[PDB]
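Before any questions on how it binds or moves, here is one chain, the form deposited in one PDB entry, in structure tokens.
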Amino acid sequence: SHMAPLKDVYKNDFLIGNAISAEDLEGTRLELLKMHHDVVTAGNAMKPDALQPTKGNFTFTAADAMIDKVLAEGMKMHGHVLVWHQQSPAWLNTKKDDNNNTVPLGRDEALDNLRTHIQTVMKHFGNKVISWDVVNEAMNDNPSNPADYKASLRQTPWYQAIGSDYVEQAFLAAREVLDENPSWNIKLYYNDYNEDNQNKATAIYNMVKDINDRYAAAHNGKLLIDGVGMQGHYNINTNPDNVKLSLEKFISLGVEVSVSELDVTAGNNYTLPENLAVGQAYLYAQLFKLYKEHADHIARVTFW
């Protein structure tokens, strides 16, 4: 419940977003969506399982209905998500062996599927989105050696098929689509959660800095990764000082930052309903005060 239209309050600071399903585009839900938000994210409709459920059967119909309705209603669209370990069909990066066990594909076949998916889906929606999450949730939680970002990457199905360079290869494939369609203004994001954990933030920073420093040196200073998304699945024991330290660390890469899936839930420990509501309201207030203070480098704040 918002007591003043949020997109109006924050119009000079950052886009205000919400994640939606098709139900949100009808009735009182659509009026609330429009009044408070400038930008939407599809909760599920643009994920790899929703867009390419089997090899070469691209299924864009429902996604196109959603994004055309969002634009007709005067809102923008953030694309979520080209490459993820969850909600991603097995055929992209595994096969069945002769005894019907699931095993990884080889690197070349898996790259080919990775590039084809990214490049087909990006070209289908074109500039109907303002941004894409190119890769989501690639980094382990609480990595013990964050100075070595490649050792800190989750051993997901893409990592097991392609190797530690697959995040870089995903962004190179998406950047080639934009190079070939120069009039599209679309920001390429890396998105992850638990970025208030300082080790995980250091690992993410080291990954983006390596990828972007090598790309910029070869491309007249142009960055590869334009944005870091902080998912913001926080709880009432999240320390807003740790959110500020990571926010500032990502700003120091020269990228924009967005908050992509913000929600505040109870902690580990048993809370009790009034104490829970006070904790949630106080964190939200502290986070928006921090975001306003850094608005020159925050493009969007989207709720879950």
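Numbers follow the displayed sequence, beginning with 1. Residues that one form lacks are left out of the comparison. Take the two forms, find the largest set of C-alpha atoms that superpose within 1.5 Å, and that set is the rigid core.
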Review point. What stretch has the higher average Cα B-factor here, 272-280 or 254-262?
Key: 272-280
Exercise for review: Would you mind comparing 181-189 and 224-232 for me and telling me which has the higher average C-alpha temperature factor in the entry?
Suggested key: 181-189
Exercise for review: Kindly indicate the residue among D210, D133, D108, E195 with the greatest C-alpha B-factor in the PDB record.
Suggested key: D108
**Study point:** Given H124, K200, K150, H85, the residue at which the Cα B factor reaches its maximum
**Key:** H124
Check your understanding: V9's Cα B-factor: lowest, middle or highest third of the chain?
Key -> highest
Point to revise | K96 CA temperature factor, ranked by third within the chain | key: highest
Exercise for review: State the tercile, meaning the lowest, middle or highest third, of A174 with respect to the CA B-factors recorded for its chain.
Suggested key: lowest
Revision key, fill the gap. The third of the chain into which the C-alpha temperature factor of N242 falls is the lowest
Revision key, fill the gap. Chain-relative C-alpha B factor for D141 (record values, thirds): the middle
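Omitted here: the form deposited in another entry. The next part is about that form.
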**Study point:** 2 Å-or-more CA mover between this form and the one not shown, where superposition uses the core and the choices are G27, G254, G56, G267
**Key:** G267
Practice item. Quick one: in that other deposited form, is the Cα gap between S246 and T271 smaller or bigger than here? Answer closer or farther; it shifts by 3 Å or more. Key: farther
Study note, to complete from the structure: Quick read on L272 and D263 CA atoms in that other deposited form, 3 Å or more from the shown distance, and they're closer
Check your understanding: With the core fixed, which bits of the chain, 3+ residues long, show every Cα moving 2 Å or more between this form and the one not shown?
Key -> 266-272, 274-276
